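Novice: For the protein sequence lines, the chains are A and A', in the order given. A prime marks a further copy of an entry chain. Residues in the first sequence are numbered from 2 upward in steps of one, following the authors' numbering. Residues in the second sequence are numbered from 2 upward in steps of one, following the authors' numbering. Sharing a structure below in structure tokens format, with a few things to ask.
2 protein chains.
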Amino acid sequence: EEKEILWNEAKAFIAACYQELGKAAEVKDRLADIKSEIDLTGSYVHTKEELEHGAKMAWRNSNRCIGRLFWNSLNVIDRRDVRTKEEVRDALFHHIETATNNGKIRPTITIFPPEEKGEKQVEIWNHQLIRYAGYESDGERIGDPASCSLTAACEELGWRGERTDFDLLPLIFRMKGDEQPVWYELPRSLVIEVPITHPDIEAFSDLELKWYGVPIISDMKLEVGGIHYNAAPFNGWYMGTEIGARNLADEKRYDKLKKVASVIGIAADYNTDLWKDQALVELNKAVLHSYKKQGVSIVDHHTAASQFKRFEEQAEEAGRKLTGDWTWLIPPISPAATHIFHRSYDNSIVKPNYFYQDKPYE
Amino acid sequence: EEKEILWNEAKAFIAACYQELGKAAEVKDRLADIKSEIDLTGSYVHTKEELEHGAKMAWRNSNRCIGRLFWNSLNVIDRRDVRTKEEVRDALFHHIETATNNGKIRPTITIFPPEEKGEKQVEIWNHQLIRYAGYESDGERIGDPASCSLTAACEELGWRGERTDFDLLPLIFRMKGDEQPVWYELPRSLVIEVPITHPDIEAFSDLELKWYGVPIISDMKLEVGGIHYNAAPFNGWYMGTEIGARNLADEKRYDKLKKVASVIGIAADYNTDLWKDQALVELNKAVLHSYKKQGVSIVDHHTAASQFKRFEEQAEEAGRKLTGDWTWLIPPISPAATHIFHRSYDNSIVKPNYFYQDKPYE
Ligand code: HEM
Ligand code: HEM
Ligand SMILES: Nc1ccc2ccc(CCNCCc3cccc(F)c3)cc2n1
Ligand SMILES: Nc1ccc2ccc(CCNCCc3cccc(F)c3)cc2n1
Ligand SMILES: Nc1ccc2ccc(CCNCCc3cccc(F)c3)cc2n1
Ligand SMILES: Nc1ccc2ccc(CCNCCc3cccc(F)c3)cc2n1
Ligand SMILES: [Cl-]
Ligand SMILES: [Cl-]
């Protein structure tokens, strides 16, 4: 019965994958092999080629992602061989180093052993591999509010943050068999951070803002042909608005707009002055400038949408249906200046894909 | 059968309307009267109270409208008595004058006789009562591109535009029985326009931009209890982004961002400079400033969203379900600075409401 769902998904993925790889003649035999592997074992194991192409398809099918033009150049690291927490740790350290690539960010995914019985082999607690802690007590807010629950769970495990606004959370994950996760402090040498300065407002550095170089999302499940890779961290480079319009701007995040308005020398008193809008534009300019100045990859939302238009065109040329989530594809600043805003998208879910899964804490 | 749809809609509207008006005891008799009016006549006629409250409900149910807090103060003009094109014309002139109110804009709707057999009594061709013409020929673009087809239809009827970028289209409508619409030039004394200047960039006036004071949407059908008022022009005041982020900004409209960038003294060469975003903010500041300076009502998108939050709260307090279209409710600049962006809305259609209908030209 679960053998059935698995087999069905397998037939559909293998057929599609092999067509795309020009290997359509090998399908029958491969499905035969898989069919008996499922009977005898309960599961099946992807070839390296299948796993690589599956991860790329999953990115291509991610409706909410504007960065999909580059789906076929995803760097896929196969870590299905790991068995120990030291190996997991070192694989995560390695992912950080190789994805960072001295600033010339490589889109990368590291794939850990998949769920067996729905039983996880490796369970990653981090939302992203590099992320700042958050604290709230006594009406005192420090750091990133979105990290409050994970921060508190880490401090239950004997970690202690310095309570700066930018404490790096340790890696935290649990191995099958263990009742508790282990945690490891990130080596600072591995983590590139970018101080935020503005191209012509010198006082902007007074805000002492920074952000980390590489977003490495580590809590989503990659699903490929019925196999559930719950631990499969991946990264791209940032689109600047993620940092300047949301992480640093949102009232429930770092909430910096009023401070930005002050350092750029504008009043923050009247809605009709559009001071929040002006502050947003200057903060977003500063973020792009700062990343570029430091030699860390980043994309602005106009260039990103132009790339996404090419992705739409490429999909059409290939005979593939395009799917998308308009509400996530439009950027949070000047959305109507992009073509995305002016068209609609079919939000159907196609697999392989990346999926949310329940947090193991909270 | 059509008598059936009508009766059903009637039962539902009358029940709801009278509950809201504290008149629940009068429903049975009123429905009885309506029931036989439908049998004998094929239709029924709203009382003035029903028509007024119905128009207000229709605004309250308009999913795409951020301005709904003020639904209950809609000024409803009952023009079901009109029979001639001179009366229609004068009613439209009157709507302009009274809605404008010397700049202190009154949200108003003028309701004309409804469809009878699905046969229109009055068919308005204008999209808005005040709107600029558009021309395209020989790769020459003049005025508002969105008005190109209506402009060409008017010029088929013997009207001729001066081919400025801001020619006012004449009122154009057709009476039942007539094969062609008639058109009437707007009296310039009735039409307030606002020149666009910037609060501190003096050269902004070099763009010679302007826009009209009052958006009076004249091509939607108001539906109330099964009765179809295809001709029922209404207006609010503008939210500034409608003008500065869309009408003046869109590449398929006045396409002014590159000219804005030049007059504000910034380069328009690199996406990463976010020059379009900065241009958008300055243009939008200029629009709000200009309207305010001239004493014409307008709302900025932050204040508008704050009002809409109060509308959500009021709906909850009243026990009414809230409906909305997130994709139209978010403003086209700094949307993530509004609460709207951070929640979802049920996009169900509730009646009474306003609906699209097919254009009578093109
Ligand atoms: C190469 C640079 C990349 C850029 C610039 C980019 C850009 C973005 C942006 C802006 C979002 C929306 C985020 C938000 O609003 O919070 C997003 C969502 C997403 N991206 Fe990409 N992305 C890139 C690479 C990748 C890669 C390599 C993958 C996976 C292999 C991926 C998968 C996704 C997924 C799954 C989401 C949706 C996450 C969710 O629903 O919470 N992206 N991307
Ligand atoms: C009082 C000031 C008002 C403001 C500031 C306001 C604001 C807006 C805005 C910004 C939109 C979106 C327009 C677009 O993106 O093109 C909108 C849509 C709409 N508004 Fe309002 N509005 C107001 C009054 C009214 C009134 C009086 C009515 C009717 C009685 C109305 C009915 C609607 C409808 C039906 C739509 C959707 C139109 C469509 O689907 O094309 N609004 N409103
Ligand atoms: N630039 C990129 C590349 C890949 C991405 C993949 C996923 C995401 C979305 C991450 N945010 C999900 C929603 C969320 C979750 C947890 C905390 C938050 F503040 C927000 C952003 C990405 N950005
Ligand atoms: N003229 C306008 C004004 C406001 C607009 C606001 C948004 C849009 C986007 C059109 N894309 C719609 C996405 C969508 C809409 C409705 C249902 C969906 F599932 C998805 C177009 C607009 N055009
Ligand atoms: N401020 C207001 C008040 C009422 C409104 C009622 C309706 C509308 C939407 C009008 N635009 C509809 C889409 C459209 C149609 C025709 C030409 C266009 F450029 C765009 C805007 C409103 N704005
Ligand atoms: N953390 C983030 C990042 C991007 C976002 C982008 C958009 C939103 C809006 C949530 N509202 C969704 C509206 C919607 C979504 C999906 C289907 C619908 F019918 C309507 C929240 C976001 N949160
Ligand atoms: Cl992020
Ligand atoms: Cl308009």
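A virtual CB, placed ideally from N, CA and C, is assigned to each residue, including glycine.
1. Check whether the region 105–119 of chain A' touches the region 156–167 of chain A', taking contact to mean three or more Cβ pairs, one atom from each stretch, closer than 8 angstroms.
2. Could you tell me if the beta carbon of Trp212(A) falls within a distance shorter than 7 angstroms of some heavy atom in ligand 6?
3. Does any heavy atom of ligand 5 sit closer than 7 angstroms to the C-beta of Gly237(A')?
4. Can you tell which of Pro234(A), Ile39(A), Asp179(A) has its C-alpha closest to the C-alpha of residue 375(A)?
5. Short of 7 angstroms in beta carbon distance, which residues of its chain neighbour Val28(A'), apart from the five on each side in sequence? Order them along the chain.
6. Against chain A, which members of the region 270–293 of chain A' pass a CB distance test of less than 8 angstroms?
7. Flag this pair as touching only if the region 228–244 of chain A and the region 211–220 of chain A have three or more C-beta atom pairs under 8 angstroms; answer yes or no.
8. What residues of chain A' sit near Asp301(A), judged by a beta carbon separation below 8 angstroms?
9. Have a look at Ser206(A') and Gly140(A') and give me their C-alpha separation to the nearest angstrom.
10. Quick check: what's the CA-CA separation for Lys286(A) versus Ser190(A')?
11. May I ask whether a heavy atom of ligand 8 can be found less than 7 angstroms away from the beta carbon of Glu243(A')?
12. For chain A', check one thing: does any of its Cβ atoms lie closer than 8 angstroms to the Cβ of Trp327(A)?
13. Determine the chain A residues that contact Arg247(A') at a beta-carbon separation under 9 angstroms, and present them in chain order.
14. Cβ of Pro333(A) versus every heavy atom of ligand 7: is any distance shorter than 7 angstroms?
15. Alpha carbon to alpha carbon, how far is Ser298(A') from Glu194(A')?
16. Taking only beta-carbon atoms, is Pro333(A') less than 8 angstroms away from chain A?
17. Is the CB-CB distance between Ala134(A') and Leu170(A') below 8 angstroms?
18. Show which residues of chain A have a CB atom less than 7 angstroms away from the CB atom of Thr304(A').
19. In the DSSP assignment, find the unbroken beta strand (DSSP E) run with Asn272(A') in it and report its ends.
20. Determine the DSSP secondary structure at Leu169(A'), reduced to helix, strand or coil.
21. Tell me whether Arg311(A) is buried or exposed, calling it buried when 16 or more other Cβ atoms sit within 10 Å of its Cβ.
22. Which residues in chain A have a C-beta closer than 7 angstroms to the C-beta of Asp201(A')? List them in chain order.
23. Taking the C-alpha atoms as reference points, what is the distance between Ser74(A) and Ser44(A)?
24. Can you find a C-beta in chain A that's less than 8 angstroms from the C-beta of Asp359(A')?
25. Interface residues of chain A around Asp347(A') at Cβ under 9 angstroms?
26. What does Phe356(A) pair with, by DSSP beta-bridge criteria?
27. Going by DSSP, what residues sit across from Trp184(A') in a beta bridge?
28. Are there 16 or more other CB atoms within 10 angstroms of the CB of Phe174(A'), so buried, or fewer, so exposed?
29. Using a Cβ-Cβ cutoff of less than 8 angstroms, which residues in the same chain neighbour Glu98(A) once the five nearest sequence positions on both sides are dropped?
30. For a test of the three-state rule: what should DSSP assign to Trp212(A'), helix, strand or coil?
31. Thinking C-beta only, is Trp184(A) closer than 8 angstroms to residue 1(A)?
32. Could you tell me the alpha carbon to alpha carbon distance between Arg344(A) and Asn272(A'), rounded to whole angstroms?
33. Taking the C-alpha atoms as reference points, what is the distance between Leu172(A') and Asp145(A')?
34. Sort out for me which residues DSSP pairs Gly227(A) with in a bridge.
35. Measuring only the C-alpha atoms, how far is residue 378(A') from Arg107(A')?
36. Any beta-carbon of chain A closer than 8 angstroms to the one on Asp251(A')?
Specialist: Working from what's here:
1. no
2. no
3. yes
4. Residue 375(A) cannot be examined here, being either before or after the span of chain A that is shown, 2 to 363.
5. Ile15, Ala16, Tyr19
6. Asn272, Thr273, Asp274, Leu275, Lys277, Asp278, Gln279, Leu281, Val282, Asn285, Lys286, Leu289, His290, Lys293
7. yes
8. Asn272, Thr273, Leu275, listed in chain order.
9. 27 angstroms
10. 45 angstroms
11. yes
12. Closer than 8 angstroms: yes.
13. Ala337
14. no
15. 12 angstroms
16. yes
17. Yes; because the gap between Cβ atoms is below 8 angstroms, this pair is in contact.
18. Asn272
19. No beta strand (DSSP E) holds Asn272(A'); DSSP gives it neither H nor E.
20. strand
21. Looking at its Cβ environment, which holds fewer than 16 other Cβ atoms inside 10 Å, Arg311(A) is exposed.
22. Going along chain A, no residue has its Cβ under 7 angstroms from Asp201(A'), so there is no contact; the nearest lies around 11 angstroms.
23. 28 angstroms
24. no
25. Correct list: empty, because the minimum Cβ distance to chain A is about 14 angstroms.
26. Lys222(A)
27. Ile173(A')
28. Under this definition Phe174(A') is a buried residue.
29. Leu191
30. Three-state result, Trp212(A'): strand.
31. The structure shown does not extend to residue 1(A), since chain A spans only 2 to 363, so no value can be given for it.
32. So the alpha carbons of these two residues sit roughly 21 angstroms apart.
33. 16 angstroms
34. According to DSSP, which records beta bridges pairwise, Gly227(A) is partnered with nothing at all.
35. The structure shown does not extend to residue 378(A'), since chain A' is modelled only from 2 to 363, so the question has no answer here.
36. Judged by the 8 angstroms Cβ criterion, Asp251(A') is in contact with chain A.
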